[PDB]
Each structure stands twice: as C-alpha cells, then as structure tokens.
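Protein chains: 2
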Amino acid sequence: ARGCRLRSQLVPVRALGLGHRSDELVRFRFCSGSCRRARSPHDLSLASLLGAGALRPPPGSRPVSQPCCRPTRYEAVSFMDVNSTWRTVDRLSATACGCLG
Amino acid sequence: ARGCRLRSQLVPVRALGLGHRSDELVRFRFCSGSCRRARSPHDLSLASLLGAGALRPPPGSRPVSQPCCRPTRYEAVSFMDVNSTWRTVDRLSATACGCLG
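Chains as they are written, first to last, in the entry's author numbering: chain A, 13 to 113; chain B, 13 to 113.
Pasting the structure below:
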C-alpha cells in the first residue's frame, strides 16, 4: 500500500482549483507511493550519501533519491456548471502510475 | 538557485554505499530543485486539493504535485580502492537534469 500506485477519492469540483463552485463530487485519481524498487545505482549512492551526512544541503528542496511516483496516463474530468452547461478538462485525472525518472 | 539544476560536491567513496572503501574523494553530481512552473493541469488540481486538505492521506508518502528534479544523463565514476585496484560504476554521477514529471 505504501508503494507507488494509483489512488482515488471522490472530491467536489469546487476543490479542484478550476474556478468553479459546483459541489458535485467527481472521482479524482492520482499517483503516490515509494519507488525504491526502481532505484538506480545513482539513486542508491545518493541515498547513502544523504544518510551519512556526506552531502551539503543545496539551495531549495532536498534531492529525491528515487524515481517519483507519477501518472503515465490521464483522462478527462467532466461536469455540469451552474448553467447546466457541460465542461470538460482533458487529462486532469490519472489512470495509471509509474516510477519515472 | 532553488530551481531544478545540476549540483556537485566532492565526497568520500566510503559514503557511496558501494562496499568498496577507497581513500580518495570523487566528484559526485546530482539533481535537485523546484519544477513549479512545469506543473500540469493535473498537478495544479492535486496541489489545490492537498492545499485545502481535501484528500485523505494515502499510506506512506504524500503525492508529489510537480515534476521531480531528476537526471537526464549520467557518467561513470571510477576510483582506486585501498588495495590498489581500480573500481568503476557506470552511470553513477549525473551530467544533466530535467523536470521529469
């Protein structure tokens, strides 16, 4: 369950950051989880260096020592707005995940 | 400086987690930094949902909501071990970065 995989949850369209206020619930899918199984020699050494405190913190976010769990395919989310007009946002919801990079 | 880019530092071979203990340092390069401007519509909605606490937490790590800063190219690293034998690991060090999302 902690490993990289497709996740999903019903959420209101208004929470999607699309500028709409509809309370209609739509199933939003996304990717999250560990990708340690797909780590390369570079990744393992980076992980070891960080674990040993051998690396000085570069400016900004910490280096990721493994591929990131990201969508490999997407599908559109559609809904009716306040005027009963159909709206569609293409490729907004994930349909598959992978350990990329 | 906080944006995704190639980083570099001299590090002890012993800290690379290779099992081989050397005594010289090697130049190790990696990638780290932000990719916010590279967010896709999916990433933006995921970020909107996470920002509002609209998603229950999936087991393990939180989903990433922007491409990850990862290497796009690598190079070998070689070093002489404590018994005077040269060792090498292909593609151990990064030579270029990209916002892989």
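All C-beta atoms, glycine included, are put in the ideal place defined by N, C-alpha and C.
**Q.** Beta-carbon separation (whole angstroms), residue 106 of chain A vs residue 43 of chain A, contact threshold 8 angstroms
**A.** 5 angstroms
Q. Once you ignore the five residues that flank residue 61 of chain B on each side, which residues in its own chain have a CB closer than 8 angstroms to its CB?
A. 67
Q | For residue 77 of chain A, the nearest candidate out of A:22, A:57, A:93, A:26 (CA to CA) | A | A:57
Q: Please list the residues of the segment 29 to 60 of chain B that have a C-beta atom closer than 8 angstroms to any C-beta atom in chain A, keeping them in chain order.
A: 29, 30, 40, 42, 43, 44, 45, 46, 52, 53, 54, 56, 57, 58, 59, 60
Q: Might you give, ordered along the chain, the residues of its own chain that have their beta carbon closer than 7 angstroms to the beta carbon of residue 24 of chain B, omitting 5 neighbours on each side?
A: 37
**Q.** Identity of the residues DSSP links to residue 100 of chain A by a beta bridge
**A.** A:90
Q | Through-space distance from residue 39 of chain B to residue 89 of chain A, alpha-carbon basis | A | 47 angstroms
**Q.** Extent of the continuous alpha helix (DSSP H) run through residue 60 of chain B
**A.** 53 to 63
Q. Which residues in the same chain have their Cβ closer than 8 angstroms to the Cβ of residue 99 of chain B, if we skip the five residues on either side of it in sequence?
A. 30, 32, 34, 90, 91, 92, 93
Q) Residues of chain A with a CB under 7 angstroms from the CB of residue 80 of chain B: which are they? A) 76, 80, 113
Q) Any C-beta of chain B sitting closer than 8 angstroms to the C-beta of residue 90 of chain A? A) no
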